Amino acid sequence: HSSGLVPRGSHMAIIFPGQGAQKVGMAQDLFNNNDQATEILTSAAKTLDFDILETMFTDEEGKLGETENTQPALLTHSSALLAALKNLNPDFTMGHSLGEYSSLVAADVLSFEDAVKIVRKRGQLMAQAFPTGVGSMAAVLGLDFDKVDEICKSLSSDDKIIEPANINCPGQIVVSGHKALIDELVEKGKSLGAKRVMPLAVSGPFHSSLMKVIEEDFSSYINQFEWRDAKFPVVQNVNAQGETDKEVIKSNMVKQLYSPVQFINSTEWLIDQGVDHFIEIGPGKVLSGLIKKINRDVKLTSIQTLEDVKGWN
């Protein structure tokens, strides 16, 4: 201001949701109503080997929530919104699990066509990593991280493991690992003091050390594309810090598979750099809800529809 002392603040981060934020009908309002968004949607349609747009808009096969489909659907919706927005001037970005790929497209690490192929393979490898019934995930609500981690250490036994996977906000920690231990937690969660332990609709033990089984296949595929440096820092899920290096970001995308999503620490790191406005771009406002529980003073904007794009523009 007029004192010549500009407070740390006024930085803005654009952020992107992942699995769990999809909805049938997503992006149907953009298609053929905005040229930039439609370029992205038609790119995804021409690139993918299934009918991504039918799957997003009407999902007559009820497969939108199967992660091999949901991942490219979410990337496509967030990127289509992003392409339609004018003078979005982010200082940083982050995204939740799949959402980090939307950050990579936003920061020009990856082109949209390279990223949509990459996340389709990421979804197919995750979906096929373990047979039905071997690994799963559950949301533990109402407990501090230290208590959830203790519980996980107690139940991990007999060569089976359960680990904190998605560290979302105070009172919401998703855990992941062998299904027998996930189901024991589901059964005993109330007695252990959790407000609610919700088993989740997932095909495997995502973001647990068990996902090392797909590291090699994923590293091999991602070498088929050119990765670039980021134009502004991507706060990565593995380490909760801003990264711009192409080789550091690429290596962290492979580690991301089998490492917990550090959403609380990434949110905190961004606020400690002076981010006071987060703009969520995608279907739903799930990350805005998590950030509100992390810090109630920062500003939250959600961009979900063509009308929200018009209002911003």
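Start at 1 with the first residue shown and count on from there.
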Stretch with higher mean Cα temperature factor, 92-100 vs 218-226, is 218-226
Avg C-alpha B-factor, entry values, 245-253 vs 50-58, higher side is 245-253
The residue of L287, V261, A27, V275 with the maximal C-alpha B-factor according to the PDB record is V275
Per the deposited entry, the peak Cα B-factor within the set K121, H77, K195, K179 goes to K195
Assert third(CA B-factor, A21) within chain per record equals lowest
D183: CA temperature factor from the record, placed by chain third, in the lowest
Assert third(CA B-factor, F206) within chain per record equals lowest
The third of the chain into which the C-alpha temperature factor of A13 falls is the middle
Split the chain's modelled residues into thirds by Cα B-factor; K117 lands in the lowest
